[PDB]
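To begin, one chain is listed below as structure tokens, in the form deposited in one PDB entry.
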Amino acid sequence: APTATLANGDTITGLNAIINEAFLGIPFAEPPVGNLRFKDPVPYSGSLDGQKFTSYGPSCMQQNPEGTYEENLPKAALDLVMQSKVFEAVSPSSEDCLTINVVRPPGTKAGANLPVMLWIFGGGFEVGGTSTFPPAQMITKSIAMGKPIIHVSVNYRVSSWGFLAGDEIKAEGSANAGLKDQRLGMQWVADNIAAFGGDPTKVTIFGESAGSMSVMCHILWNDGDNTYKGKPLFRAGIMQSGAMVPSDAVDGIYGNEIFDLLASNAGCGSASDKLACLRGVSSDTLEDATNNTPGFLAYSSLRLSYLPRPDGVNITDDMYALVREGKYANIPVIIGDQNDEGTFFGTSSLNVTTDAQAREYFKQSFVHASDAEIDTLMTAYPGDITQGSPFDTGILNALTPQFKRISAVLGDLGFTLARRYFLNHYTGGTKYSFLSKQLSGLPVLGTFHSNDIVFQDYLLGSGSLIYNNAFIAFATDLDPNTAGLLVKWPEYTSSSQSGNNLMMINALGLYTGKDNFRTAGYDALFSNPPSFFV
């Protein structure tokens, strides 16, 4: 029933889900298979005329989050699960996965010109798909608010398939393939969304975790030039847990070690041209070799095997330097965090129980950090269990004498304080920041990383006021205050500003606070950002 005529004259049919109309699985690029592997996406050249788009297509190949060159139970078990016919059935994945999904309010028509919210999923740049982030909660609330929006989601390559680095990839001009996938989808939205009733000039990009860092990367792309055919690709961005990526260049030391490890694993350790050898191995072999490099939940943790890295061409430099140097798109932004962002990552090093061990783990993790810096870091984040994350839980959650400490460091460097650094240097437009404490008291994890996904897509809670309502008003009017919330969200100018600069959330509701916590950790970490790059 639902129909749309694209920018090339093709008329496609979607699905009527009663509460919304959706067009799922629209191919936006030519399948990145064979010799197209690891390469930039090629625009989809073909005809969709007469086709129905009523189901999500498969996700891109996934990597075992517990993957590693080592052997163990978590790895073995997840592999058992991931290769199961039942898993392969409920959650299909493939190298041919570059599709886009359009979901809208019922009765929407071409010319409606509704604001567009483009979702970029998070999955540690190693797993993930669009199908697991239902847009219905957001769409329904938008209608109820009288501020209807259209939800767009894009599949992008993850893990080795989307983020392979090293000397060969650099020389070839193929770095950050997964981000390029996201970029093409944006371009597809500019060219076709009007046919669906969206306004290509009212696009707000948003993601969580890896998707959020992806949003920051888009703000930094091509030194801030976000135009396509003369017009900006998006008027705003919402970053849920994640800002700049703390990483070395594509041809840096870890980018290359990982490339070589994967090559040995696929049986290309002897190839004169390892990259050409990698294009020739079957999907099985490649999936296997990849599952034998660390996953984001493995001991390596934050020191990820695959993630966005500066390439000197599309992301021209260290991401912290670009932000300092003003090389970003000038747009209004919302960027927030959950109180306890690092408790998940802290679960990866529960065999680290003494301070001597904590010092070596950090040393292993941050190869560019001097002993002085490691020592400053370990003073800024003391062993005192009352000081760590879950924050403000006293002597509880002492899985080990280092869990709370390690959880505090990782969540701050990767998200929470990284956000403050951005906020303190960004002048491209109005800023709004939030800190959630909605799940205070939840054992072991606290107000954990990802909980916002629940309250944005699955259940309603005090947080939904922000994750849905406030986010909908911002995409529509560029001011979250138009949502008519009882607590006015203050503009964030600086972390040193007087007065509350943070919207906050607790189980009962909203309130405002200050972004002045853990200042010693901020300076321990960000006085010279490159000391803690991976």
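Shifts are known only where both forms have a C-alpha. A residue's number is simply how far along the shown sequence it sits, counting from 1. Just so we're on the same page, rigid core means the largest C-alpha set that superposes within 1.5 Å between forms.
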Mean B factor on CA atoms, stretches 241-249 and 285-293, record says higher is 285-293
Going by the entry, of stretches 56-64 and 39-47 the one with greater average Cα B-factor is 39-47
Note to self: of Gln402, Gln182, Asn176, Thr132, the C-alpha temperature factor tops out at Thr132
Per the deposited entry, the peak Cα B-factor within the set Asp318, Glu168, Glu341, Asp457 goes to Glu168
Binned into thirds over the chain's modelled residues, the C-alpha B-factor of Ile12 lands in the highest
Of the three thirds of the chain ranked by Cα temperature factor, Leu24 occupies the lowest
Entry-reported C-alpha B-factor of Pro332 relative to its chain, by third, is lowest
Chain thirds by Cα B factor, record data; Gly267 belongs to the highest
Tertile call for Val367 (CA temperature factor, within chain, third-based) is the middle
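Just so you know, the form deposited in another entry exists too; it's not on screen, but the next bit is about it.
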Comparing between the shown form and the other one on the core: of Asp199, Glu88, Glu172, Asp392, the CA moving 2 angstroms or more sits at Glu88
Exercise. Would the C-alpha of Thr68 be classed as shifted by 2 Å or more between the shown form and the other one after rigid-core alignment?
Worked result: yes
Superposing on the rigid core, does the Cα of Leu78 end up 2 Å or more away between the shown form and the other one? yes
A change of 3 Å or more separates this form from the other: in that other deposited form, the C-alpha atoms of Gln83 and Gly267 are farther
Output row for the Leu73-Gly414 CA distance, |change| of 3 angstroms or more in that other deposited form, reads closer
Listed in sequence order, the shifted stretches between the shown form and the other one (at least 3 consecutive residues, every Cα moved by 2 Å or more, rigid core superposed) come to 67-91
